[PDB]
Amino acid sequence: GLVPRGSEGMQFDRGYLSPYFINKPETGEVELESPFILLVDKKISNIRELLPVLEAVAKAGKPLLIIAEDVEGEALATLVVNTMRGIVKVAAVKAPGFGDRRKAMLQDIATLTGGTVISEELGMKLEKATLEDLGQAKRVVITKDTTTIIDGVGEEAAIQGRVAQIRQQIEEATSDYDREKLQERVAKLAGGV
């Protein structure tokens, strides 16, 4: 059936990784305005790797959303301290899904926001990540259970290309379940443009 609205935003069921990112206390949400978006395949644990991007984000003065397999240990704690001190306005959530679908959905976000996924295979290293690898969106709302990416800034053509590519996979799928999961990615991409 027809969705009778416009762009609600790309929503995924992964919430804030710490309650100290709660920006809006009355609702228990995180609300970042025009944030940079960091996309990482692996988990972020060591603080030695997040520093480089974090200080560059801190210097720029814009909020930051980190989407990684998981964000833990001292990396999480460093984000907590710096956010409480007001040095950086940062929120961190887990990449949605797992396995190859996690990887695929991460790339969907990257394409949508014009960011670059830091993967170990392609020669990248989180420490070497820069501001140009970061994606952007008009607003990110993070609840206990969900993350919503409103109006990614990615190239129209690339987003369209990603939607077509998914459509190629839906026609090549073997079951209703596989088709509906791929269809879900298409809905997510359409929601956040």
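All residue numbers refer to positions in the sequence shown, first residue = 1.
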- Mean CA B-factor: is it higher for 85-93 or for 115-123? 115-123
- Comparing mean C-alpha B factor in the record for 168-176 and 11-19, the higher one is 168-176
- From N46, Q160, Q136, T148, which pick has the Cα B-factor that tops the rest in the entry? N46
- From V53, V153, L32, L39, which pick has the Cα B-factor that tops the rest in the entry? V53
- Task: Please rank the C-alpha B-factors of the chain's modelled residues and tell me whether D100 sits in the lowest, middle or highest third.
- Result: highest
- Query: Which third, lowest, middle or highest, does the CA B-factor of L131 fall in along this chain?
  - Reply: highest
- Message: Where does the C-alpha B-factor of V193 rank in its chain, lowest, middle or highest third?
- Response: middle
